[PDB]
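Protein chains in written order, with the authors' numbering: chain C, 1 to 293; chain B, 1 to 293; chain A, 1 to 293; chain G, 1 to 293; chain F, 1 to 293. Everything below concerns the one structure shown next.
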Amino acid sequence: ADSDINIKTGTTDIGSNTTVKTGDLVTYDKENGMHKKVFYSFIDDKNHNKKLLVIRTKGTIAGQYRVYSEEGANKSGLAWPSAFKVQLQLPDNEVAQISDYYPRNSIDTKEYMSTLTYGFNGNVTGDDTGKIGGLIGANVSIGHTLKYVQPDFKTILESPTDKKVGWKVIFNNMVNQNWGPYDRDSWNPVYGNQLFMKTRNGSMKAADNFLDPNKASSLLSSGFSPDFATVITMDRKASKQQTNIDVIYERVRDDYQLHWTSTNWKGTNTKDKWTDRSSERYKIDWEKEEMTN
Amino acid sequence: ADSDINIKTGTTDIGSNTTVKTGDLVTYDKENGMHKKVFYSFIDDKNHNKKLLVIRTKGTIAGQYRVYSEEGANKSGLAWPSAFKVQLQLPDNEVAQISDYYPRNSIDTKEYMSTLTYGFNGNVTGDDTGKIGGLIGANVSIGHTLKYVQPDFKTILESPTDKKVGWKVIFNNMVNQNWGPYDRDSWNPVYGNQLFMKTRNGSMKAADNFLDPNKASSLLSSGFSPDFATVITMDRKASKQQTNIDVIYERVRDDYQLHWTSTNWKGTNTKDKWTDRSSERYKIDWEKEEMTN
Amino acid sequence: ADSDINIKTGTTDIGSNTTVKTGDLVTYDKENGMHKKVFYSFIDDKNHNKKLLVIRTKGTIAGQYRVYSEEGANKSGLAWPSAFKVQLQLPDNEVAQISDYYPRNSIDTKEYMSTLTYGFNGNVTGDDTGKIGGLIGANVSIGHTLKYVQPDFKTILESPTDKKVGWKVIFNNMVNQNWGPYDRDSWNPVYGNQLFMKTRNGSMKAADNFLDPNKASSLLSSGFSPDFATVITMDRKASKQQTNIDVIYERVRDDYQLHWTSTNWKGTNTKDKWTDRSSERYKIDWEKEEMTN
Amino acid sequence: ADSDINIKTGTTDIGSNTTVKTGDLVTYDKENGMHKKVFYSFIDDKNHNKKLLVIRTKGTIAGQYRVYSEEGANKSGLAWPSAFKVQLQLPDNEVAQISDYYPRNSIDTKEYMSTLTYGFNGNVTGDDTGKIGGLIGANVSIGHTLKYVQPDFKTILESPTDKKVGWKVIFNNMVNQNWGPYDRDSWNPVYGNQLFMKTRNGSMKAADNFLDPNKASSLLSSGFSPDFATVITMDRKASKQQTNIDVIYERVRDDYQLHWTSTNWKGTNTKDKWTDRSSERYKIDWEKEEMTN
Amino acid sequence: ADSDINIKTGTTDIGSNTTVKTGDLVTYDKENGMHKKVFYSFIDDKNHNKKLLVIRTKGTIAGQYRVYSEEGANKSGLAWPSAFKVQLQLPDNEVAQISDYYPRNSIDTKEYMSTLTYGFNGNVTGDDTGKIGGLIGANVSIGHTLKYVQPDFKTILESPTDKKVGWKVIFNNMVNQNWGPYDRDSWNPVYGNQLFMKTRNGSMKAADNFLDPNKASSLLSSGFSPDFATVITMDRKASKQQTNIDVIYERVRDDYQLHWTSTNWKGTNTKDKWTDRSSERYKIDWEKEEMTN
Ligand SMILES: CCCCCCCC/C=C\CCCCCCCC(=O)O[C@@H](COC(=O)CCCCCCCCCCCCCCC)COP(=O)([O-])OCC[N+](C)(C)C
Ligand SMILES: CCCCCCCC/C=C\CCCCCCCC(=O)O[C@@H](COC(=O)CCCCCCCCCCCCCCC)COP(=O)([O-])OCC[N+](C)(C)C
Ligand SMILES: CCCCCCCC/C=C\CCCCCCCC(=O)O[C@@H](COC(=O)CCCCCCCCCCCCCCC)COP(=O)([O-])OCC[N+](C)(C)C
Ligand SMILES: CCCCCCCC/C=C\CCCCCCCC(=O)O[C@@H](COC(=O)CCCCCCCCCCCCCCC)COP(=O)([O-])OCC[N+](C)(C)C
Ligand SMILES: CCCCCCCC/C=C\CCCCCCCC(=O)O[C@@H](COC(=O)CCCCCCCCCCCCCCC)COP(=O)([O-])OCC[N+](C)(C)C
């Protein structure tokens, strides 16, 4: 906090008394259904040291959650997005550099609780025949309790090198039919991986026996809208004022297959089955303060 | 709070009615993968007593979480970052001084709860043969409950001397596979240190039997992005207006080795195995209000 | 709240339409490792009655947590900071006076909860031979639950007299290895004071058997950064416009010794073993609105 | 809330477009250790109807927590502050009046919870000899739970008459050694009042066997800093423009004595033992807008 | 929320670009100890339709909690305030009207929770003689939990007619000596109403055996400070510009009597015993924008 140093709040910020020429570019890849978008802003403050440029790759990525193949009632498949990714890269011989990026890895906290209990007991037993009995007892108990919050999808920031920076979204785990949370590597010897399982021993058709997309998480079927911000700085005395950028919106799917062995349904997961990449190259003109492509 | 003294809020702050010449420097160490960055700001308020300069060493440090060595299925190793560090130092004969630093040690709180319970009981027992029995009893219980929040990574501020100040990030403990939180010194006589253990008695290959990086904390594999702020003040009447600074982004790793003894997997940890340091020297020109290197 | 009286917020504050000449002084005591700092601000509002001056003794104090003496494996010592202190004093014959101070003693609250429970029970017992039995019973229970938050270090404000004001930080208690919170006066007949105890009956060397500094609280090893604010007012018609101030950053340590009696480790604490004081005298010139020393 | 009536926020406030001549007075009573302070502010808005004056009696009161008398090991005494008080009074024949006061009595809330439980049970018992037995039972339970927050010190506002207004701080109850909260009237037939008791049956000296001041609440030993605000209004056409005020900072202590009867320590409390009052008379000049004394 | 309609926040408010002539009136009724106060404000916005006037009857009402009569040790009485009231009324033939009032009745919410539990059990019993026994059982449980917050004093708004509007404060219930909350109609066949009962079977004098005022709620003994706001609007073309207002601060007490029957103390409550009213008539001059009386 800039105010915790006695520095007046906002003194160290940049962007005062300057005109920023923003813009927008929208392009849709019908083949992959990735409504990618970039929102940039040229900031050139005379009090600064280098020209600035912030790229907000808002865009949007489809879910692609459907049964790709069905083979009778014996077995059927299913493809779902395991992880979403978006990254920005620059030419190796280029002069511009990546400075900052808002969504970054953050430390996680977990609660903890220890319980210690003492106890005592004593009773008198008697009956019609006049027998009298006694009982004295005691007990101790110790208990450790740990709780934490684990989101279904956990955003991560891949190691940002100078020339390229890339984010990532993965599938931590999901809760199905109010049962214990499952994940890709969850296994059960009898049923197997029950992540996307409708009924344990249903008699319906193989393809029909799948978890409803509405019940599952919104990202899987309805897509995930990203919001990542990066800032690019380039020296104001550079001989060449043209820069090239590349934007990637790759998405990784998985294969989920149900198998009827003799009585119950069995499920198996094949992580990293298909990968779809949609890369477009943009051009930057620092002199004209415009990104067009 | 400046407002709790009846002083109008922000009156004691510095930076009003002045022009601040900010800047930026970005350099990447491919050898160590440390995308270090410094964001400075020259504040020279005539109402102040000394020139000011705030260095925000945002930067970023890679994770370097991989199996460095594998030796068949008998055993395999693993290297992970135990602690991240970043510090700023000045020449001993220099005249500038360190004034403040935002992230600082903070007191920690823990809950507490004491429980006391009384009880009474009485029942009548009878059967077909007409036997009637009685029972009177009582019990007491006392319970102490203590809970607190312990983050996986706990930031610390090393003893800040005048010439140098240094922060630190360490590995408090981690939760594995929803089991009890482990740490570097955790030991189990049968299995041993089970921090990064995939399966207790899995039959897979030695190298494969490791916790997935996605399951583990984000910092270990995807790196840690620091945000530390320091302010440097130098007298306005100093004969020499040039100052030299040094920035360090050292990172410490550890060695984790799994051993198959006869049936189960055994794990051992060797703290402070390797250390990587990447120091760069910057130059400060108070007269020109610019940091270049 | 000034707004709860219908007075417009901030009307009663002081510091409007005036120029404040702030400053800074930094000095480091290598002998004691106390990076003391003072940040002042001269406020002289014509609408006010007396000149004002606020001293923010931010500074910083080292931890000094190390094993001072080791004597073989039989026993070893340990010195840790029991309490931190910082206070401001004025000459007895001086004319300036202490007005206010932000961090002040605050009331503490504790939860409370009373539970009352009734119960009834009735069962029928029968067997193969046709015997039928009955049982009717009842029970009552009363329970008192009390929980509160107790920080490890509890800041206190010593009785502020006109000429001097002094704060204080003490060691309330600590939680070790997720066990019951201990404190200086905690005693156990078998083991003794187990505050800084690594293992109850470890076979390692005497000096090695100590709690890791990382596990313990951050203040003990990495130091404590204070932030206390005071305001000094002096009459504007005083004949002499020069004032002298004294700043103290005294820190108190303790001695902790482990003793191996026959099988287990025994620990004893000797409170108030050593005291370190580092006092520097500053000079105030109200006429020139500057503090220099 | 002025905004809940559709009136623009702050429209009804007073203090706009006016100059307020604030001030300060500091005086210390070494005899009683009461660093009393008054911070006033003259508000005279032409749009208003009467002149205004707000007195903020911040000040500070010492704790005075020490063993006043010790008589061997048989018994010893102890004096602690039972209640703090501060009030403002005006001459009976005066014309000024008390209008408002910020800290005022507030309603208190308490939680509540009712629990109802049904239960059923049935088991089959069998042994090697083939005997088969059954058991069917049921139970009901009702539970009332009530919890609330009770601070150690509870501020109160004495009945404010026109000429004088007075606040009050009392000792609600305290928690000792993590045991049940005690208070002045708490009594135990065996031990007695165990409020400030160190050990139930300790063998140390009578004077030494007292609760450490650090463990007890901060107010008792380190003093209590008050913050009460009052506003005084006087007609602008009054013939006499001079007004006299009186400020009181009375503090009430108590006597606590431990008695060793035969084996254990016994404690008794004598409420309202001593009272200390420190009254100073200030003078107000509405015409000159200044309070001096 | 005016901003939820897309209307810019504060557009519909009234009071912009206008001068408000506020005021104040203070009068104390020594007979009843009711430090009544009214704070008004004349708002006349040309963009408005009618003249406005807001009356904030802050004032303050004493508690009057004392033992009115004592008759030996056999029995004694006690008078406490059951309910506080404040209302504003206008002449029937008057033309002004009541528009709004801030403190208004609000809906109350209560939590709810349903619990369902299944259970199974099975054990094997064996002894030295080789007898082996078994036991299999199961159980079910259902539980409804409801909790809510009930303040001791619950403010209410009486049916506001055009000519008069009146608020009300009543005594919902109180918690005594950490026991179940009692109220006026609470009855116990053995002891009776135990609201203000010190000891169930104490041997002290009848008058002394009362709950300490400090333990009870602050309002009962130390008084209640009200804060109610009303706005009065009168047409700008009215022939007569003078209006009369009446302010009432009536307070209702109760009689509480303890009776020693043979062994224990018995308590009875007589609701609505005495009523005190203190009405003063104010005069309003819209033309001069002043309220004087
Ligand atoms: C290693 C040594 C061996 C163990 C020694 C003793 C244990 C076994 C004894 C033997 C079993 C006998 C049981 C009797 C009572 C048990 C509680 C007790 O002993 O003290 C308790 C005090 O906690 C309290 O607050 C007191 C409990 C009742 C309070 C009643 C107050 C007034 C009574 C009138 C009521 C009406 C009015 C109510 C108020 C208005 C707890 O203390 P402790 O138990 O000594 O705790 C240390 C020991 N331990 C950790 C191992 C458990
Ligand atoms: C050291 C001295 C020895 C112990 C003495 C006594 C204990 C053993 C006795 C012997 C065992 C006999 C058990 C009988 C009852 C037990 C509760 C009791 O005694 O009083 C309880 C009062 O708490 C209440 O609120 C009353 C409980 C029922 C309320 C019913 C209200 C109206 C009844 C109609 C219902 C329908 C309508 C319901 C309402 C609309 C608790 O008080 P205590 O228990 O005296 O607590 C101090 C003692 N102790 C700390 C050691 C526990
Ligand atoms: C000092 C006097 C002696 C004690 C007198 C009685 C106790 C011992 C009796 C004897 C033991 C016999 C036990 C029978 C029931 C116990 C509960 C009971 O009595 O009333 C309870 C009412 O609470 C309820 O809400 C009712 C409980 C069941 C509700 C069923 C609703 C419809 C039934 C169809 C279900 C299907 C559909 C469900 C709905 C859709 C509680 O009231 P109480 O218990 O009278 O409380 C005062 C007494 N006490 C404080 C001392 C405990
Ligand atoms: C005054 C009248 C006398 C009392 C009448 C009955 C009580 C004693 C009877 C006699 C004792 C016999 C016990 C049998 C069951 C007890 C529960 C029951 O009766 O109904 C419960 C329904 O609550 C539920 O939700 C149903 C419980 C099981 C659900 C199973 C679903 C599918 C089964 C397949 C499982 C696998 C798959 C699971 C799902 C995927 C509760 O209703 P109630 O108990 O009627 O409540 C009113 C009565 N009472 C208030 C007095 C309690
Ligand atoms: C109306 C019909 C009659 C009732 C039919 C059955 C009840 C009585 C049966 C008869 C009693 C026999 C008891 C056996 C088990 C009871 C639980 C059970 O049946 O299934 C449970 C599944 O919940 C789970 O998640 C499974 C429980 C254990 C998981 C173990 C995982 C791997 C095993 C290795 C462990 C090591 C590694 C662990 C993992 C790494 C609950 O399902 P349900 O009970 O069928 O619920 C519906 C029925 N009911 C509502 C009426 C209750």
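Note that CB positions come from ideal geometry on N, CA and C, so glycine has one too.
Asked                                                                                                                                                     : Found
Is any heavy atom in ligand 5 found nearer than 7 Å to the beta carbon of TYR118(F)?                                                                      : yes
Short check: CB of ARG200(C) to CB of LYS271(C), under 8 Å?                                                                                               : no
Starting from the beta carbon of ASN6(B), find every residue of chain G whose beta carbon is closer than 7 Å, and list them in chain order.               : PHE39
Given this structure, state the Cα-to-Cα distance separating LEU116(A) from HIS144(G), to the nearest angstrom.                                           : 6 Å
Could you tell me the distance, in whole angstroms, from the CA atom of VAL38(A) to the CA atom of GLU158(B)?                                             : 20 Å
Could you check if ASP152(A) is buried or exposed, using at least 16 other CB atoms within 10 Å of its CB as the buried criterion?                        : buried
At a Cβ cut of 7 Å, what residues of the region 168-196 of chain G count as close to chain B, listed as they run along the chain?                         : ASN178
Between which two residues does the alpha helix (DSSP H) holding residue 312(C) run?                                                                      : Outside the shown range of chain C, which is 1 to 293, sits residue 312(C), and nothing can be said about it.
Can you list the residues of chain G that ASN139(F) reaches, using a CB-CB cut of under 7 Å?                                                              : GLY119, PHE120 and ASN121
Under 8 Å by Cβ, that's how I've got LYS8(G) and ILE14(F) pegged, so tell me the actual separation to the nearest angstrom.                               : 7 Å
Confirm the yes/no value for this check: CB of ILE142(A), any heavy atom of ligand 2, distance under 7 Å.                                                 : yes
Have a look at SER218(G) and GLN194(G) and give me their C-alpha separation to the nearest angstrom.                                                      : 19 Å
Assuming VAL165(F) and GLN87(F) are in contact, meaning their beta carbons sit under 8 Å apart, how far apart are those beta carbons, in whole angstroms? : 7 Å
Can you find a C-beta in chain A that's less than 8 Å from the C-beta of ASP92(B)?                                                                        : no
Got a sec: which bits of the region 231-243 of chain A sit with their beta carbon under 8 Å from any beta carbon on chain G, in order along the chain?    : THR233
Quick one: is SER114(B) near chain G, going by C-beta distance under 8 Å?                                                                                 : yes
Could you give the DSSP three-state label for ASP2(A): helix, strand or coil?                                                                             : helix
Where does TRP286(F) land, buried or exposed, given buried means 16+ other C-beta within 10 angstroms?                                                    : buried
By DSSP, does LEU157(A) sit in helix, in strand, or in coil?                                                                                              : strand
In three-state terms, what does DSSP make of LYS8(A)?                                                                                                     : coil
If we require 4 or more residues per run, which alpha helix (DSSP H) segments fall completely within the region 71-107 of chain C?                        : none
Thinking just about the alpha-carbon of each residue, which of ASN47(C), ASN6(C) and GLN150(C) is nearest to the one in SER16(C)?                         : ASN47(C)
What distance in whole Å lies between the Cβ atoms of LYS85(A) and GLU250(A), which are believed to be in contact at a cut-off of 8 Å?                    : 5 Å
In this structure, what does DSSP give as the bridge partners for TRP167(F)?                                                                              : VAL86(F) and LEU157(F)
Could you tell me whether the Cβ of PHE153(G) comes closer than 8 Å to any Cβ of chain A?                                                                 : yes
Inspect the beta-carbon positions of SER99(A) and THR233(A) and report whether they are closer than 8 Å.                                                  : yes
What are the boundary residues of the beta strand (DSSP E) that includes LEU258(F)?                                                                       : 251-260
Between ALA216(B) and chain C, is there a C-beta pair that is closer than 8 Å?                                                                            : no
Counting only beta-carbon atoms, is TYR65(A) nearer than 8 Å to chain B?                                                                                  : no
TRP265(A) and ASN209(A) - do their beta-carbons sit closer together than 8 Å?                                                                             : yes
Does the Cβ of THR27(C) lie closer than 7 Å to at least one heavy atom of ligand 6?                                                                       : With respect to small molecules bound, the structure shown includes ligand 1, ligand 2, ligand 3, ligand 4 and ligand 5 and not ligand 6.
Three or more beta-carbon pairs under 8 Å between the region 102-118 of chain A and the region 133-149 of chain A, yes or no?                             : yes
From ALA1(C), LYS75(C) and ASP24(C), pick the residue whose C-alpha is nearest to that of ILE55(C); which is it?                                          : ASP24(C)
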